[PDB]
Amino acid sequence: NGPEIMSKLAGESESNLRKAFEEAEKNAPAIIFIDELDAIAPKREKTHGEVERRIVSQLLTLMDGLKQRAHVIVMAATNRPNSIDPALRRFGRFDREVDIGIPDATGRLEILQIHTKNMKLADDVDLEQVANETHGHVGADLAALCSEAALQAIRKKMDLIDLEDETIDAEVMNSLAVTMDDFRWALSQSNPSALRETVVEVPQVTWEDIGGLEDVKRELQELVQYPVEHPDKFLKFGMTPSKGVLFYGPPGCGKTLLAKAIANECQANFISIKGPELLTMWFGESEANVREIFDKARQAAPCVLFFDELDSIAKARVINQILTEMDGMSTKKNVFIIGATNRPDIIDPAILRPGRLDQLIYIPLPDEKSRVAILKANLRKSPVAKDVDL
Amino acid sequence: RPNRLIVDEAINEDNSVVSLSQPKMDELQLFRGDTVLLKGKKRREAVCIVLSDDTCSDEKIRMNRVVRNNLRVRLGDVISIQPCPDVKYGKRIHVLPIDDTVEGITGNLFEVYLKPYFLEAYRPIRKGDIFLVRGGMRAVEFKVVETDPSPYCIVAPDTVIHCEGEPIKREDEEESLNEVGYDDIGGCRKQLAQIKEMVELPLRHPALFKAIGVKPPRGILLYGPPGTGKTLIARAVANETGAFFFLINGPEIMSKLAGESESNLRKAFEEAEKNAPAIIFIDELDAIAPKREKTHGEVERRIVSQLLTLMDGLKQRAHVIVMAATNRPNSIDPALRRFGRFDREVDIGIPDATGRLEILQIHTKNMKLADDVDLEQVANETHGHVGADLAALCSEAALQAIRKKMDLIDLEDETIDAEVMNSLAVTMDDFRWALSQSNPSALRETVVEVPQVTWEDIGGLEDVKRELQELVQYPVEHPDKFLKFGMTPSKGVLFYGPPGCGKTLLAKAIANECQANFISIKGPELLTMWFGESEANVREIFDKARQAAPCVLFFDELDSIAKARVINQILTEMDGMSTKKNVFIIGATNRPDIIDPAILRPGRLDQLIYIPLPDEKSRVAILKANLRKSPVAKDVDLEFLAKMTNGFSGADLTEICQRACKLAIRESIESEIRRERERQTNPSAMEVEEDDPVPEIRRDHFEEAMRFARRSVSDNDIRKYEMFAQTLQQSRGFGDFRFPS
Amino acid sequence: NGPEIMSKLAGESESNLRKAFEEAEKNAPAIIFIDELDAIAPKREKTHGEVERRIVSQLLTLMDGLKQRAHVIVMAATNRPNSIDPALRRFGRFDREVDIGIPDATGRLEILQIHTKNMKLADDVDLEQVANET
């Protein structure tokens with residue numbers, strides 16, 4: 001445990017660490033686990049004493065003191081890789097780093113399928129529908145949602161669970177099933193989501209969601225699909241792939257709904273940062289805080305990170321912070337940078353140098369077939385009368 | 001279920017006796033010589049033998065005074081009766097004279113007060129029973145505290161005696177009356193109901209929660225401003241059930257030596273684990289676990305980590321819950337707000353106006369009030385007071401009523417006679433003095449409440465009323481029809497108009513109509529964030545709105561920072577706010593062109609309702625509305641004053657109904673000068689009646705106050721808002737077309 | 001005194017505070033007095049160690065540990081109410097705050113009338129005139 005080897009006296013916690021690693025060495029092919037690593041080894045700025053430095057160095061020495069024949073591996077658990085003392089991210093101690101991030105929409109159905117096992121549900125509930133909502137929930141929040149819905153279904157049955165019957169009879173103990181509006185109450189009335197950061201997923205918009213623009217479809221296919229679906233033919237005659245286009249057009253003509261379409265078609269992940277999330281970096285002088293949103297894109301290899309209104313800081317830097325990062329990013333990874341704008345003349349011309357952001361695709365106003373496509377697309381949910389022409 | 005019955009008066013003198021009805025004998029089937037337990041208030045009980053008589057009613061029990069007081073029940077209250085087959089003989093119940101009517105007798109009195117009184121009855125005596133014995137003009141009540149059998153005892157005469165201790169005074173009663181009830185706490189009735197919902201059903205039913213498989217809570221945060229009795233509420237919750245309290249103080253486990261405070265924490269959690277379904281309480285959490293910035297040493301980090309380890313080390317079968325108490329949730333070490341330690345967080349905030357009446361109703365209990373006082377009136381004022389401040393107000397008013405009676409409370413009578421001790425009642429101007437002369441309010445932050453303005457307070461604007469009804473009421477009163485054909489609700493409108501035409505008095509009206517809470521931040525509270533670079537300080541004013549679910553947070557003059565950021569800080573927060581919560585953001589402005597256009601993107605703030613100048617019916621409505629308090633003469637016309645003031649804004653004609661009041665108060669002050677300055681003021685032909693020259697506002701006060709009227713808004717600036725209304729394209733273009741047939 | 005319960009060894013000043021409050025509890029209706037409160041309980045910014053936090057918390061616990069039947073009241077003495085640790089201005093410890101400010105012109109005549117008692121003055125002096133200045 002994390003703070004259990006912190007709540008000892010001085011000079012005794014290291015005895016516990018040595019005893020734990022000795023018990024790991026003596027036993028079978030085994031695995032130790034360190035929970036809450038950032039409470040025993042924070043960043044160097046959060047170390048005002050010295051006994052914590054003794055614990056950290058003891059951890060480093062005992063970590064490097066293992067043998068490859070001993071067959072013991074160490075798993076730690078933090079929340080963000082910049083919240084660790086960087087003296088233990090060197091080679092030999094902690095290198096491979098996996099990311100069990102936020103579960104997505106269809107990744108949320110099984111996590112409450114496993115919690116609704118011992119609870120009798122009725123036939124009106126629809127786990128797919130509640131899974132469709134609850135953006136931002138984590139597994140513990142969904143356990144709390146299930147418990148709150150069961151408690152609301154108990155609390156509506158106070159007409160039988162009375163004060164006159166203190167000992168509760170065996171009637172309601174096995175004859176109460178939760179219904180759908182209990183879930184909607186427990187979702188609506190309570191449960192604030194504990195999520196504000198980015199989310200990686202494949203989008204579900206389709207190509208016919210915005211019809212037309214066949215030249216743009218052919219161009220985006222030539223710039224995204226072909227360097228990843230056929231990577232050998234790009235090596236036959238040596239053409240290097242491009243690393244990003246720049247859309248520009250009138251405001252609100254389906255730019256994001258077009259940028260997500262190629263991500264869905266390629267089965268590629270899609271992160272998205274926006275305007276107000278961007279310029280709040282340099283309004284509060286946190287300029288060196290785009291490295292994390294780029295190496296997060298490095299971890300998910302086939303992604304397409306999408307800026308949005310990157311001219312928002314051109315009302316009066318961070319363009320240079322992306323600019324020093326885009327050239328340092330290699331090309332064997334297939335991450336692409338599509339940026340959107342509405343005032344294309346006010347942009348910095350250094351972003352248009354060949355190598356950084358070369359293509360300039362112009363998105364026009366919607367034509368007729370695209371208009372009937374988007375008009376039918378917005379009326380999926382609403383039942384419309386059959387004689388309503390479109 | 002025929003168990004609970006009301007209690008009424010009795011005639012008989014026998015003790016530990018409960019009255020049953022002779023038509024109902026065969027359901028309980030217990031005879032005369034059987035012992036029963038009676039459930040009473042505040043979790044204290046007593047035991048009795050039964051009597052079967054006809055003088056009792058069908059649902060009413062006739063019982064004597066001391067067991068009515070041991071159950072703490074009075075006339076009207078309903079008690080329960082149940083059989084208890086665990087009757088047995090015992091050894092040395094510990095009797096003790098708890099009164100000052102002993103008359104100095106000491107030694108062995110128990111041969112005439114105990115041994116002849118108990119026999120030929122099988123007298124059942126529970127621990128804490130307050131039965132009296134009268135002998136020789138000495139009515140001594142023996143409240144036992146140590147009973148070797150459990151829970152009650154039958155006293156035998158062969159029981160050996162143990163009475164070496166000293167009789168004590170009323171202090172042991174003073175440590176039993178603070179086993180308080182639900183009625184002893186007011187001002188937070190909603191939060192009391194919510195925390196009772198959270199706590200009480202696991203505690204009284206430990207088996208059903210394990211039976212379904214739900215998780216009982218492990219830590220509740222009782223955050224709120226200090227002094228509102230956040231420790232009395234936990235005592236009430238624990239004592240209204242069969243719990244066991246344990247008060248861990250804040251700096252008491254900080255004032256020990258090094259290496260010894262953690263021993264106290266381990267001993268406290270071990271005592272909680274060993275005992276019953278219990279509740280510990282940690283007062284002043286932010287003194288033992290502050291934010292990380294306020295930790296320069298390391299021993300405090302050892303205490304914090306010890307708290308974290310012992311918090312996570314509990315089991316769901318142990319049935320112990322932890323309540324802490326801070327003042328603001330950003331004032332805690334955020335390593336203990338994770339899942340499993342402290343998640344559910346209730347908010348016993350500032351009591352409101354009608355929430356303040358019961359909190360001094362409970363303090364004015366033992367003080368004799370007169371008939372002129374009006375607790376509703378003092379409750380109407382005192383904005384900002386908390387419960388301790390109202391206790392101080394009551395004490396200061398009683399002290400001022402004492403201090404005015406120094407003519408009898410003299411220096412010649414050092415020992416004060418029993419006259420003024422029970423014949424002094426507080427009157428209303430004492431309360432007004434103690435409110436005015438003293439008691440600064442300890443409140444500056446926001447307040448959540450439902451407003452009390454009504455729709456007819458500003459008449460007219462029926463299109464705006466229909467629009468606000470369509471944008472606020474229908475997504476919450478009928479949430480299923482918005483799901484039938486999938487229209488998502490909007491999340492806020494933006495008013496704009498001339499300055500002072502009743503914007504806030506219109507925005508509060510829909511909050512009152514929807515029975516919705518209403519917070520309000522203003523201009524100078526807004527831009528003082530970015531003038532002192534506290535830009536990341538709107539997250540708290542948004543999640544405070546998240547906690548109260550049906551609220552309508554109202555900005556005011558949000559263009560105040562457009563004289564030379566925080567618009568971006570609201571802008572990154574509004575998109576992150578979900579839509580299943582029904583919080584709405586109505587913002588007001590006066591210069592609608594200077595606003596940031598990024599606030600007008602669809603999704604953030606879409607609707608643009610234009611509030612015009614007040615028309616005629618709205619003018620007569622607001623003019624009658626401002627004259628509720630002032631008595632006005634019945635011949636003072638108002639429809640003629642309505643259609644005469646034509647271009648006047650709503651904030652200008654609210655001024656002339658204060659100028660007329662000032663012009664009448666001048667004449668009513670001046671008329672009293674000559675009446676006391678009568679030359680040769682003789683008792684002959686004296687006006688014993690009050691003449692009352694100005695009893696109400698007459699006609700010529702308005703006829704003279706109208707002469708100083710001035711329209712504030714010109715014509716050149718109302719054309720600016722009309723031009724901005726034309727900048728919205730305003731349904732212009734093609735116009736009508738028809739579908740083909 | 002203020003720094004007298006600061007000039008002890010570590011772990012011994014709290015013994016002095018407990019002995020003082022015990023002597024107040026045992027005796028008559030009494031009054032204790034704490035001079036120079038801002039040297040044993042300053043603002044939180046002026047606390048770099050932790051033993052001063054132990055003294056402050058000991059003062060808080062012993063302050064709240066009194067009973068209304070004990071008849072002991074506590075008077076402190078600072079120079080400005082923003083120069084105290086604000087954890088002891090809550091309800092139950094230190095609420096009522098009087099202000100013996102600067103004496104005024106005619107409030108200055110009696111304060112030197114009481115000092116010129118044992119000094120023989122002549123007839124030409126005028127205490128009202130010197131009171132008018134200063």
# chains A, B, ... in the order shown; residues from 1 in each chain; ligands from 1
call {"tool": "residues_around", "arguments": {"residues": "residue 249 in chain A", "least_positions_apart": "2", "cutoff": "9 Å", "atoms": "only C-alpha atoms", "output": "VMD selection string"}}
result
chain A and resid 247 251 to 253 255 340 to 344 361 to 365
call {"tool": "residues_around", "arguments": {"residues": "residue 227 in chain B", "least_positions_apart": "4", "cutoff": "10 Å", "atoms": "only C-alpha atoms", "output": "compact mmCIF listing (two decimals) with N, CA and C atoms, in the first residue's frame"}}
result
# COMPACT_ATOMS: atom_id res chain seq x y z
N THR B 231 -21.93 19.92 14.71
CA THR B 231 -21.76 18.81 15.63
C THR B 231 -23.05 18.40 16.31
N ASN B 327 -15.25 23.73 6.11
CA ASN B 327 -16.04 24.88 5.69
C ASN B 327 -16.15 25.03 4.19
N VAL B 386 -26.23 33.45 11.51
CA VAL B 386 -26.11 32.00 11.59
C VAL B 386 -26.72 31.65 12.95
N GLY B 387 -26.72 30.37 13.33
CA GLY B 387 -27.40 29.96 14.55
C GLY B 387 -26.76 30.50 15.82
N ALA B 388 -25.43 30.55 15.86
CA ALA B 388 -24.74 31.07 17.03
C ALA B 388 -24.97 32.57 17.18
N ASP B 389 -25.04 33.29 16.06
CA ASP B 389 -25.34 34.71 16.11
C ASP B 389 -26.74 34.97 16.62
N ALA B 442 -22.01 37.52 10.17
CA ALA B 442 -20.85 36.79 9.67
C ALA B 442 -21.20 36.06 8.38
N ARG C 90 -13.70 31.98 15.93
CA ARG C 90 -14.98 31.33 15.73
C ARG C 90 -15.82 31.43 16.99
N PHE C 91 -17.04 30.92 16.92
CA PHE C 91 -17.99 31.06 18.01
C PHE C 91 -17.66 30.08 19.12
N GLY C 92 -17.46 30.60 20.33
CA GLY C 92 -17.16 29.80 21.50
C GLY C 92 -15.81 30.09 22.11
call {"tool": "interface_residues", "arguments": {"of": "chain C", "to": "chain B", "cutoff": "8 Å", "atoms": "only C-alpha atoms", "output": "ChimeraX atom specification"}}
result
/C:11,48-50,54-55,57-58,60-61,90-91
call {"tool": "write_last_selection", "arguments": {"atoms": "N, CA, C and O atoms", "output": "mmCIF file, in the first residue's frame"}}
result
data_model
loop_
_atom_site.group_PDB
_atom_site.id
_atom_site.type_symbol
_atom_site.label_atom_id
_atom_site.label_comp_id
_atom_site.auth_asym_id
_atom_site.auth_seq_id
_atom_site.Cartn_x
_atom_site.Cartn_y
_atom_site.Cartn_z
ATOM 1 N N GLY C 11 8.102 20.947 24.897
ATOM 2 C CA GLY C 11 7.357 19.992 25.681
ATOM 3 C C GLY C 11 7.103 20.418 27.104
ATOM 4 O O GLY C 11 6.592 19.617 27.892
ATOM 5 N N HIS C 48 6.633 28.858 10.477
ATOM 6 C CA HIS C 48 7.471 27.983 9.665
ATOM 7 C C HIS C 48 7.742 26.641 10.327
ATOM 8 O O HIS C 48 8.007 25.657 9.627
ATOM 9 N N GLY C 49 7.684 26.573 11.648
ATOM 10 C CA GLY C 49 7.868 25.331 12.362
ATOM 11 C C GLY C 49 6.554 24.634 12.632
ATOM 12 O O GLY C 49 5.544 24.864 11.963
ATOM 13 N N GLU C 50 6.579 23.758 13.630
ATOM 14 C CA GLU C 50 5.391 23.037 14.055
ATOM 15 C C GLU C 50 5.128 23.094 15.548
ATOM 16 O O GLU C 50 3.994 22.818 15.958
ATOM 17 N N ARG C 54 1.659 23.401 17.783
ATOM 18 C CA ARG C 54 1.259 22.622 18.945
ATOM 19 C C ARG C 54 0.809 23.517 20.088
ATOM 20 O O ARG C 54 -0.177 23.211 20.766
ATOM 21 N N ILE C 55 1.496 24.642 20.295
ATOM 22 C CA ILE C 55 1.080 25.591 21.326
ATOM 23 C C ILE C 55 -0.271 26.208 20.986
ATOM 24 O O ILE C 55 -1.141 26.343 21.856
ATOM 25 N N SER C 57 -2.699 24.938 19.049
ATOM 26 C CA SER C 57 -3.767 23.962 19.199
ATOM 27 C C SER C 57 -4.020 23.626 20.662
ATOM 28 O O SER C 57 -5.163 23.339 21.035
ATOM 29 N N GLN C 58 -2.979 23.652 21.500
ATOM 30 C CA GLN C 58 -3.175 23.452 22.932
ATOM 31 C C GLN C 58 -4.005 24.574 23.527
ATOM 32 O O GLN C 58 -4.890 24.333 24.359
ATOM 33 N N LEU C 60 -6.226 26.301 21.834
ATOM 34 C CA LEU C 60 -7.586 26.132 21.326
ATOM 35 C C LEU C 60 -8.352 25.066 22.097
ATOM 36 O O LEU C 60 -9.519 25.269 22.457
ATOM 37 N N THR C 61 -7.703 23.935 22.372
ATOM 38 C CA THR C 61 -8.356 22.862 23.112
ATOM 39 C C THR C 61 -8.653 23.276 24.544
ATOM 40 O O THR C 61 -9.761 23.045 25.041
ATOM 41 N N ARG C 90 -13.699 31.981 15.926
ATOM 42 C CA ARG C 90 -14.979 31.326 15.731
ATOM 43 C C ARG C 90 -15.821 31.433 16.994
ATOM 44 O O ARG C 90 -15.386 31.946 18.025
ATOM 45 N N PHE C 91 -17.041 30.923 16.920
ATOM 46 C CA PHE C 91 -17.989 31.060 18.014
ATOM 47 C C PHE C 91 -17.658 30.078 19.123
ATOM 48 O O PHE C 91 -17.582 28.869 18.890
#
call {"tool": "select_by_dssp", "arguments": {"residues": "chain C", "states": "alpha helix (DSSP H)", "output": "PyMOL selection string"}}
result
chain C and resi 13-26+51-64+109-113+127-132
call {"tool": "select_by_dssp", "arguments": {"residues": "chain C", "states": "strand (DSSP E or B)", "output": "list in words"}}
result
residues 30, 31, 32, 33, 72, 73, 74 and 75 of chain C
call {"tool": "residues_around", "arguments": {"residues": "residue 6 in chain A", "least_positions_apart": "3", "cutoff": "12 Å", "atoms": "only C-alpha atoms", "output": "number ranges by chain"}}
result
A: 1-3, 9-17, 36-41, 51-52, 54-56; B: 298-309
call {"tool": "closest_atom_pairs", "arguments": {"of": "range 24-123 of chain C", "to": "range 173-190 of chain B", "cutoff": "12 Å", "atoms": "only C-alpha atoms", "output": "CSV"}}
result
residue,atom,partner,partner_atom,distance
C:67,CA,B:174,CA,11.8
C:68,CA,B:174,CA,11.9
C:69,CA,B:174,CA,11.3
call {"tool": "residues_around", "arguments": {"residues": "residue 65 in chain C", "least_positions_apart": "5", "cutoff": "10 Å", "atoms": "only C-alpha atoms", "output": "list in words"}}
result
residues 21, 59, 60 and 93 of chain C
call {"tool": "atom_distance", "arguments": {"atom1": "CA of residue 207 in chain A", "atom2": "CA of residue 385 in chain A"}}
result
26.0 Å
